[PDB]
Amino acid sequence: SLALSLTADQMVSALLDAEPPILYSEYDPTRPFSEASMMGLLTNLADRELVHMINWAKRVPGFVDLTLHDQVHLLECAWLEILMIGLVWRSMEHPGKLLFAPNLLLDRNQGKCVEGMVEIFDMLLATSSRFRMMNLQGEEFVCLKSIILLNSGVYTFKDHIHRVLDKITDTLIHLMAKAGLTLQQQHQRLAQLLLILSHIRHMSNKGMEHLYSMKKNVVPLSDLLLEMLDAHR
Amino acid sequence: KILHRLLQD
Ligand SMILES: NS(=O)(=O)c1ccc2c(c1)[C@@H]1CCC[C@@H]1[C@H](c1ccc(O)cc1Cl)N2
């Protein structure tokens with residue numbers, strides 16, 4: 001529908017305007033974190049982020065054109081990849097740290113507070129390092145996030161989704177053309193960016209196994225997180 | 001599904 005019509009510059013504006021807000025952690029606990037308390041904060045935060053993500057997806061040109069069945073499928077497939085690329089983007093300006101929220105900025109060693117989390121932290125930090133090395137721009141980031149949403153479940157059911165993916169590719173190349181990158185540099189950078197999505201898929205699968213491992217059952221997960229987690233079993 | 005609700009809401 002609407003989405004294929006758009007200008008590259010328009011597509012970027014539609015996607016910048018759709019960006020969900022940055023949410024805050026609960027202030028209490030406001031201490032050195034325990035396993036149970038750290039798990040509590042992250043569960044609460046992820047659950048509120050998920051509600052904003054669902055509403056962001058509806059503002060992604062082309063997504064509302066899909067049937068409810070297909071929107072559900074894409075979101076069940078992509079939700080943790082989307083949380084993770086958001087986390088990685090927010091964490092750009094804090095090398096060696098993860099900005100879960102402005103009042104929840106965690107170092108590698110705080111990763112150890114939960115068992116099996118430091119492995120995923122390290123992968124997330126590595127992705128933040130890579131985005132910085134590439135000088136990832138906000139306009140590219142919003143393109144990558146929409147590609148994850150439309151791409152991650154497309155194989156697991158298509159023509160329309162592939163046409164919108166082609167449009168977001170056009171938009172990324174458009175953006176790199178305007179920064180004055182040569183044709184060679186544009187296709188090189190387009191490749192480097194899309195190869196990161198393979199690493200983000202890997203981190204999502206590791207994080208998903210981590211979330212299944214809880215139930216442990218220290219902290220109950222929200223009804224929404226459990227719904228999304230159970231779409232991956 | 002809560003996901004169905006929020007996608008319609
Ligand atoms: N502490 S837990 O209870 O073990 C728990 C709860 C929720 C999540 C995780 C773990 C995994 C582990 C790392 C982060 C990841 C994921 C997440 C991603 C982005 C974000 O902004 C917030 C979150 Cl929470 N969700």
Side-chain angles (χ1 to χ4, degrees), chain A residues 18 20-21 23 43-83 146 148-150 152-153 156-157 161 208 211 220-233, chain B residues 1-8:
Chain A
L23 298 190
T43 282
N44 177 270
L45 179 60
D47 180 75
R48 286 141 55 224
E49 288 188 59
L50 267 178
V51 176
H52 277 94
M53 183 200 299
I54 293 156
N55 285 284
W56 159 83
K58 294 198 285 203
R59 278 80 172 173
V60 166
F63 191 78
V64 288
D65 302 337
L66 306 185
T67 68
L68 194 55
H69 166 280
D70 287 347
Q71 293 174 23
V72 166
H73 181 74
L74 289 189
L75 273 174
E76 289 175 344
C77 296
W79 67 275
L80 185 50
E81 288 183 84
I82 306 283
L83 289 187
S146 298
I148 288 160
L149 172 67
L150 291 173
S152 286
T156 31
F157 279 128
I161 291 163
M208 212 63 82
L211 280 171
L221 302 186
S222 67
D223 295 341
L224 180 55
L225 272 167
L226 267 175
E227 242 188 52
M228 302 303 272
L229 189 56
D230 287 326
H232 268 259
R233 194 174 40 77
Chain B
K1 289 249 171 213
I2 303 160
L3 183 46
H4 294 152
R5 186 176 68 208
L6 291 160
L7 269 174
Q8 295 154 158

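Here is how names work: the chains are called A, B, and so on, in the same order as the sequence lines, proteins then strands, and each is numbered from 1. Heavy-atom basis, side chains included; hydrogens, waters and symmetry copies ignored.
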Do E76(A) and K1(B) sit within salt-bridge range, that is, some charged N less than 4.0 Å from a carboxylate O?
yes
Nearest non-hydrogen partners of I54(A) and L6(B), listed with the distance
CD1-CD1, 3.6 Å
With a 4.5 Å cut-off on heavy-atom pairs, point out which of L50(A), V51(A), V72(A) contacts chain B the most.
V72(A)
Qualifying residue for side chain to side chain contact (heavy atoms under 4.5 Å, CB included) with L7(B), from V64(A), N55(A), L68(A)
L68(A)
